[PDB]
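Letters go in sequence order (proteins before strands), and every chain restarts at 1.
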Amino acid sequence: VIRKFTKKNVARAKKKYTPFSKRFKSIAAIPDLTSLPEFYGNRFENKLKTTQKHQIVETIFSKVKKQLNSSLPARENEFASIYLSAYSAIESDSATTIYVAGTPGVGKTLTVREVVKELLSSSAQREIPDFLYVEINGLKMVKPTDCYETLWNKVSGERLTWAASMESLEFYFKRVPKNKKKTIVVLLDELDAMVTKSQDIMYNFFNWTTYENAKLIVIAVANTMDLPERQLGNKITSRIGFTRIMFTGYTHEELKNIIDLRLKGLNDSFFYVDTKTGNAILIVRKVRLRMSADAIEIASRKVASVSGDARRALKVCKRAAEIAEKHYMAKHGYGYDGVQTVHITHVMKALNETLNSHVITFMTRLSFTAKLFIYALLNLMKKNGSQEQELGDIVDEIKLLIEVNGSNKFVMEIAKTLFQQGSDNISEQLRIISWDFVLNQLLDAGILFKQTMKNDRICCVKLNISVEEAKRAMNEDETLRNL
Amino acid sequence: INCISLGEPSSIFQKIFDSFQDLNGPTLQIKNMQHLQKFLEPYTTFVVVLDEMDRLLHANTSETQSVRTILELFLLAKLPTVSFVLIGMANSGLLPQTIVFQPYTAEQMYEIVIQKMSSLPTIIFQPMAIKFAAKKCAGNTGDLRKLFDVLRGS
Amino acid sequence: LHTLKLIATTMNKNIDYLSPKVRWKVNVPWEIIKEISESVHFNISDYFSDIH
Amino acid sequence: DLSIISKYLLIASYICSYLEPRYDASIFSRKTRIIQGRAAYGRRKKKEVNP
Amino acid sequence: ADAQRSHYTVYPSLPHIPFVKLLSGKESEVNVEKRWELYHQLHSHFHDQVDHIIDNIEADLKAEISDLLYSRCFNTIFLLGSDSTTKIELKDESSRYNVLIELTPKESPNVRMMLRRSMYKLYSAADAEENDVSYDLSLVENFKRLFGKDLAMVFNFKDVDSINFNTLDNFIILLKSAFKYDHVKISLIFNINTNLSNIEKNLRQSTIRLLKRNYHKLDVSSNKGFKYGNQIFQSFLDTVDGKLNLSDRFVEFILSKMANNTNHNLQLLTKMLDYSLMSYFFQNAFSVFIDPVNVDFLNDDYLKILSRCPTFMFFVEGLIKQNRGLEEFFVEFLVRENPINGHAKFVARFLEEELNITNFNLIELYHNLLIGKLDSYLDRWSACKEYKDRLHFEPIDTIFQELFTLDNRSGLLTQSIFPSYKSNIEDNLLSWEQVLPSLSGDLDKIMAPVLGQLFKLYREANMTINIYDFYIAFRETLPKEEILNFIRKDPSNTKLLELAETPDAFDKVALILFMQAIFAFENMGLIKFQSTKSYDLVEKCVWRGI
DNA sequence: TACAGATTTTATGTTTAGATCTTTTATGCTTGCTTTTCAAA
DNA sequence: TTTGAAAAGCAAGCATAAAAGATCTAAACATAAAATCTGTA
Ligand SMILES: Nc1ncnc2c1ncn2[C@@H]1O[C@H](COP(=O)(O)OP(=O)(O)OP(=O)(O)O)[C@@H](O)[C@H]1O
Ligand SMILES: [Mg+2]
């Protein structure tokens, strides 16, 4: 047959369509699912392995940088609340929802994972019954319904399509008796990412916690405390509940304790450093490593002022150690193959490059034509105050600025280059040389905005950057500030 | 039957059939009004309780096609030679009977709480605490779930 | 005449012909209406001679 | 090969498109007034641009 | 309720011809039956000839299109005055494949859809005669590799005067790229309904210069040279020859209506001829005497009706100036030929064959023969000067020939097929006593129907009407005491009596009757509300007689 | 029971019909001023 | 034959309707691999 179009790259999974409600004849026909070899969890790692032919030189700051990587001193009350709710709901065989919200990097996922680890340790001591832990991250899903595919695959071991998985989970949570079940603890991380238009997924996940036979713990980690009030309906907000756990950004003393806990064994300690290569061994010269308490304190105070984000504090300390290690390796010439201190200067330089703006020094290093464009644009904003200027007006005002300051030395040397490219055989041009080039360059830089128009004269252009930093970059130039 | 936990709102008739027919017999394929109407004709009362009946509306389309399935079910629970009694619960001459469930008051919430904890040997709350929790949780448009989380958090 | 696009309307697709909001305009140039008026001996140029 | 009704409708549509409706009674009105009534005076000034 | 649904099917419970009994209901049913059967013989003898004529029209159109089509540029054909309803068939000639690709303006929203539909049609036909492909012009490039044959595409653009000419121009420029492939030849057919000059100014000048390299014009309207309408009129003349005659008013009406229609006046001509035949066989009780077998069934009613004939009136008045015998006279004097149709056919075949006068209409020739001005019709050619005495004819005003005639005096043909629709609506609104009979008797004489009163006050008001002032003007004409007496004359309804007891009853009744009529006027299209959320002023949209 | 074939389910791509919202331009009412033909002296 | 004066026309101003189209979505139209039903061998 002759097709009207073709779909030649269809990749379909081997997922069955029949839900769990048709797996046995009756409710009484359902066996004990705990004594089943595929329920409740009853190969790629070696492809990224090779043989090492050299000996990596780990310098003395490499252990500091390794210990400062992201891979519970400040979360006691949050840990205790989450653990007590989960322990009470597991040991009494009930279903509940715990809500956790906070800004990035305040220890939400780490605290919930530690709670789950301690509950698994308590279930290994036969103090609470066994449970299955499932982690669903909404930003790791391709489609939002794939969470239905994930959770059911973690429960039964089957692979169904998402609608059949949703019916299977509904039948499982509602109809299967508690004597044939295991408790499930589900972490719904990045809860805002699973919010869709119809909000059926959110309703189903929080409504399964209201069923009497469910034995389901849903720990929902969010980014805002008012997500059910802003984005969800009244039905899902009623099911989530009034009790919500806020993870506040860290104060500077807790960030100080976090950084000291990552460096408890390294700070104020001695290393055997081999001066031939640079390789350092933690307990040939005996060198003491030190990072200043003033440096850690000022980085922690800065980070707690900004966000209270532990990732940022660890990254600022790691960047300071990297800067100091770069200077040390440069001054000794070591390569990769008596007191070494990472100081408050390195911490301030790590804190400054994140706060430095390149926009002004980008604009001060442009050519004369791009600066002339920006200067004429600012002149037109001063003349009429419209904040959007047509490109033809910019052309006319560039021409005006050339013919008005014609007695200037630099302008009377630049005019032949601008309008004829220094050639007698080239006619006088309506645009300057490199007009399109500097227009497109300022558009790709994000300095400029241009409307989608086909007439080149009446097309409007807007500053995307702030006006005063453009004026500062214009007054930096010698020629433009004199005319 | 919970309507949100179905794949599509058009399959609910089939779901009703998979809620009724014996598994040893022939499992038929059902689309709409007519096949269910033909199936219940030889029969015995069929009670269906449909939680969230409003999400049976199609959120897309228009006013003509969003009220297709609900009107079809209301017509199929109204005509003779069947025994189909339909209960639908949504959130806030053949039109259905309506009972509005009302938000609970403080005394109602109190009586619900002492009735629920009457199975317990002792009561580890002061009754004034339950009364204060009920009067703060009731207000206007109250939910008993909020009172349950307040007491559990206490 | 509307089918041949010799006259046109404000709306081009899904046209409510009976709507009072729908207004109509001619869609022919002056030379076409000149040749048409010459085919029926109607003096259309007399109607525009005194106005500009 | 257009019809006579179609031709006169096209001519009338061209007139309706390119003449202002306030002046039409000063061109087309020709009936005898039983009732006292003042016809339109007509346009005063010519247009500068051919409409 | 079925009145509130969009649509519903009714299978109504049931517990033999549509002709009724004439002669004041003293006609016999067997004469009704043979009236029905005679109408069907005349209708069938007309429509078999009409069907043969229509098949001949499409046959010679196909022949002329194929002759102009097959006897590095396009082969362009402009079918002028084409309704795009002609089925073009290409030849079957070996070592080359001929594809007809039909494109409509609905099928042409842009050039990409035009090319995709054309290439799908090309690949479908080439697969249907004797691996998937991309539906673009490279299939035209690779056609000889994929099918082993040369390619001839004929593009038939249906209803060109409705297409976007920018899209059509770009599609033709796109099709120009296939000229370099050495095995492809392209023909374009444009079905034009306005004029060639209109489509000239809607295309680019380079596209015109491309189309000018090889193009032909083919004019096929519905009455190109009058040759096809003359056949339909002559077949109608032959089906009533010696049986019925045409008045000059009927032929004049036919010519006037065919002048008002451009593309579809052949079917319009057939439509009024069949409706006139229907009206005669439904109206005239004497149509049974169309058959000369039924003449023995005369009655006193037949002789009483046929005595009121103006030609027989003049004949007996001339006899007095100078029943059984009347029966024999009526039998004997309806036999003769009435040779106007034979003479019209003789003049038509004399002008068409001998003088080669081919741009003549038979209908105006028959009109001039009916009014006796065949010389005044013939002297417009300056070629039959030597035969004016040869083709001279004068009609014989035979008696009771109006009992067997097709004539337009009642305006039944005007009311049925071409009514003054808007004028009839306005006349019925303004003068409702010609609608409603003049038979709650006190109120029906003293107060008009509300729609008619509303239209009377509507007609004498300005372009912009304030509806409060309009409602006061409507209220001043209604009688108060008679309305209050009429509203209290239903004692079973107590809410009516309670509302009539209120002192503001007449204002409320007037407002209710006013608002119902105002919404009726808005639904009919007479009035237009200014704003959506004001509803305080209306504009008249409709004036009577214009 | 196994199994080839037919249909369903799930899943996605293609094209047309129509809705909504924004932006710019026509247009209708207000009000004051100048010209003009028509019903009485 | 005048009169004059009330209707008609001009024009600036301004609120507002509407034309045009950018952006988008529903629905009709279309394809397809895996699973599931289905009638026999
Ligand atoms: N109390 C802590 N003690 C030690 N390290 C911590 C602590 N809190 C956070 N960190 C460090 O910061 C990292 C970020 O924490 P986590 O992943 O829990 O953040 P989060 O609140 O879930 O953030 P996001 O919303 O971006 O996912 C941890 O992996 C860990 O390295
Ligand atoms: Mg996290």
At 4.0 Å (heavy atoms only), tell me whether [X] reaches a base, stays on the sugar-phosphate, or touches nothing.
X: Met113(E); answer: sugar-phosphate
X: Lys15(A); answer: sugar-phosphate
X: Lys143(A); answer: sugar-phosphate
X: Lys106(E); answer: sugar-phosphate
X: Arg112(E); answer: sugar-phosphate
X: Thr6(A); answer: sugar-phosphate
X: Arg38(D); answer: base
X: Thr61(B); answer: sugar-phosphate
X: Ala39(D); answer: sugar-phosphate
X: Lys7(A); answer: base
X: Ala13(A); answer: sugar-phosphate

> Is a donor-acceptor contact shorter than 3.5 angstrom present between the side chain of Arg44(D) and the base of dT36(F)?
Replying inline: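 There is none.
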> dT36(G) base to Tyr17(A) side chain: any donor-acceptor pair below 3.5 Å?
Replying inline: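 Side chain to base: no pair below 3.5 Å.
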Taking only N and O in the side chain of [X], is any of them less than 4.0 Å away from OP1 or OP2 of [N]?
X: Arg12(A); N: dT9(F); value: no
X: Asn14(C); N: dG18(F); value: yes
X: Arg33(D); N: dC38(F); value: no
X: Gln29(B); N: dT9(F); value: yes
X: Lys21(C); N: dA18(G); value: yes
X: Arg116(E); N: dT14(F); value: no

If you check every side-chain atom of [X], which of [options] has the closest atom?
X: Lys16(A); options: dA35(G), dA18(G), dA33(G); value: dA35(G)
X: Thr10(C); options: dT36(G), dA33(G), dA19(G); value: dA19(G)
X: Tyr41(D); options: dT36(G), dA6(G), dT31(G); value: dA6(G)

[X] vs [Y] side-chain heavy atoms within contact, under 4.5 Å:
X: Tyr17(C); Y: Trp24(C); value: yes
X: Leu73(B); Y: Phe13(B); value: yes
X: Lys450(A); Y: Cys459(A); value: yes
X: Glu102(E); Y: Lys158(E); value: yes

> Given that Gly42(D) and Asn110(E) both sit by DNA chain F, which one's nearest nucleotide is further toward the 5' end?
Replying inline: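 It is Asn110(E) whose nearest nucleotide is closer to the 5' end.
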> Closer to the 5' end of DNA chain F via nearest nucleotide, is it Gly37(D) or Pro109(E)?
Replying inline: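 Final value for this comparison: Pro109(E).
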> Counting only heavy atoms not in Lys121(E), do more than 12 fall under 6.0 Å of its NZ?
Replying inline: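 At most 12 heavy atoms, drawn from other residues, nucleotides or ligands, come within 6.0 Å of this atom.
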> Over how many whole Å does the gap from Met114(E) atom CE to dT16(F) atom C1' extend?
Replying inline: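 Rounding to the nearest Å, CE of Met114(E) and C1' of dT16(F) are 17 Å apart.
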> Do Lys143(A) and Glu149(A) sit within salt-bridge range, that is, some charged N less than 4.0 Å from a carboxylate O?
Replying inline: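 No, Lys143(A) and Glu149(A) are not salt-bridged.
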> Which comes earlier along DNA chain G counting from the 5' end, the contact point of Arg43(D) or that of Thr9(C), where each point is its nearest nucleotide?
Replying inline: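 Of the two residues, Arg43(D) wins.
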> Which residue, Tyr23(D) or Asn12(C), contacts DNA chain G at a nucleotide closer to its 5' end, judged by nearest heavy atom?
Replying inline: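 Nearest-nucleotide comparison on DNA chain G picks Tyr23(D).
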